[PDB]
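The structure under discussion appears below in the form of structure tokens.
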Amino acid sequence: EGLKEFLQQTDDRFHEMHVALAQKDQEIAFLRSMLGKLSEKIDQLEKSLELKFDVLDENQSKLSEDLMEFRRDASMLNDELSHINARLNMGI
Amino acid sequence: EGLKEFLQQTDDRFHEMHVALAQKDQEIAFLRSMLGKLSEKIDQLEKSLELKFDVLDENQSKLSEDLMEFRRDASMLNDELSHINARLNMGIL
Amino acid sequence: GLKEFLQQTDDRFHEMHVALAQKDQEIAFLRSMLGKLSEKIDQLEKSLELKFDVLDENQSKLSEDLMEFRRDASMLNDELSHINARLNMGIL
């Protein structure tokens, strides 16, 4: 007869599973939070990139407009040069 | 024979464990798909960033090349004025 | 004697331990993928720091060149007026 010790052996086994499950709840919770930290880090990095990009886009536009404007001044200077070279051959 | 209710108590606990495990299957399934979306999102940002820098680098190169030609045109032009100024002191006055 | 059922529960506990053992694997991989992705982000942040400081200097260095070159353009335009003014002193 007897065999009543086995009743506790399964009761003990269920405690092992509850403890092992309790870690599983724990491990998943971090992975969730760790994932959230990365998605937050990425989204904020995206925001700083948009600003830092809009700045360099504006600077590229201001400098490139200046470059094209200076091409006009080269033509205006060249126009005045054609007049002068013709004028010097009009007399010593 | 003195506690047959325990026969059912274990059947209840096994059901608790199966559902609790079923949750773990779901949480990992969600975590897996969410992870894949992030790894894809990261991959797309890497590619789009490569372009926008390669784009602006071309503008920086073409704009700086424009400067180098314009300094040359300015240097030859400044030479052209110095030669002219030298001729003016040789002219009758 | 209900000894057939006592083993039936022992079998189910083995099923769960295997299912738990898989969960350890799935969590371990997901952990590493997070570390790899979080690693991918950090190098991307650093690479942006370098690539931005370069282009920011190039925009500043080129724009400083513009400011010097616009000065040189004004001196050139003055000397053309200088030459034309001397030619108008030959008439007079």
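Of the residues A:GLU50, A:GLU27, A:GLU40, which is out of contact with any strand residue (DSSP E or B) (no Cβ under 7 Å at 6 or more places or on another chain), under 29 Å from C:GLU64 (Cβ atoms) and in a helix (DSSP H, G or I)?
Checking each option against the conditions leaves just A:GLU50.
Taking the stretch A:36-58, which residues are facing chain C (nearest Cβ under 7 Å) and surrounded by fewer than 16 Cβ atoms within 10 Å (Cβ to Cβ)?
A:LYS41, A:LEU45, A:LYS52
I'd like the residue in the stretch B:60-76 that is surrounded by 14 or more Cβ atoms within 10 Å (Cβ to Cβ) and of a type in the set (S, T, N, Q) and, out of all such residues, is nearest to A:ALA74 (Cα to Cα).
B:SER64
Do we find that A:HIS83 is surrounded by 11 or more Cβ atoms within 10 Å (Cβ to Cβ) and more than 10 Å from chain B (Cβ to nearest Cβ) in this structure?
Taking the combined requirement at face value, the residue satisfies it.
Taking B:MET68, is it within 10 Å of another protein chain (Cβ to nearest Cβ) and under 30 Å from A:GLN8 (Cβ atoms)?
So B:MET68 does not fit the description; no.
Consider C:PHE13 carefully, then state whether it is surrounded by 11 or more Cβ atoms within 10 Å (Cβ to Cβ), closer than 24 Å to B:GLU27 by Cβ, of a type in the set (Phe, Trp, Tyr) and out of contact with any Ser or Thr (no Cβ under 9 Å at 6 or more places or on another chain).
For C:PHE13, the condition - surrounded by 11 or more Cβ atoms within 10 Å (Cβ to Cβ), closer than 24 Å to B:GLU27 by Cβ, of a type in the set (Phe, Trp, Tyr) and out of contact with any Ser or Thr (no Cβ under 9 Å at 6 or more places or on another chain) - is not met.
Is there any pair linking a residue in the stretch A:19-35 that is within 11 Å of chain B (Cβ to nearest Cβ) to one that is small (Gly, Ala, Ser) and assigned to a helix (DSSP H, G or I), with Cβ under 7 Å and at least six apart or on different chains, and which?
A:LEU21/B:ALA20
Can you tell me which condition B:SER61 does not meet? The list is (1) polar (S, T, N, Q); (2) more than 10 Å from chain A (Cβ to nearest Cβ); (3) more than 23 Å from the chain's Cα centre (by Cα), and all the others hold.
If we test B:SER61 against (1) polar (S, T, N, Q); (2) more than 10 Å from chain A (Cβ to nearest Cβ); (3) more than 23 Å from the chain's Cα centre (by Cα), just (3) comes out false.
Which count do you get for residues in the stretch A:71-80 that are charged (D, E, K, R) and either within 30 Å of the chain's Cα centre (by Cα) or more than 7 Å from every other protein chain (Cβ to nearest Cβ) (or both)?
3
Positions of Cβ are generated from backbone atoms using ideal geometry, with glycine treated the same way; all protein chains shown enter the neighbour counts. Taken together, the values in this text are just the output of simple stated rules run on the coordinates, not laboratory data.
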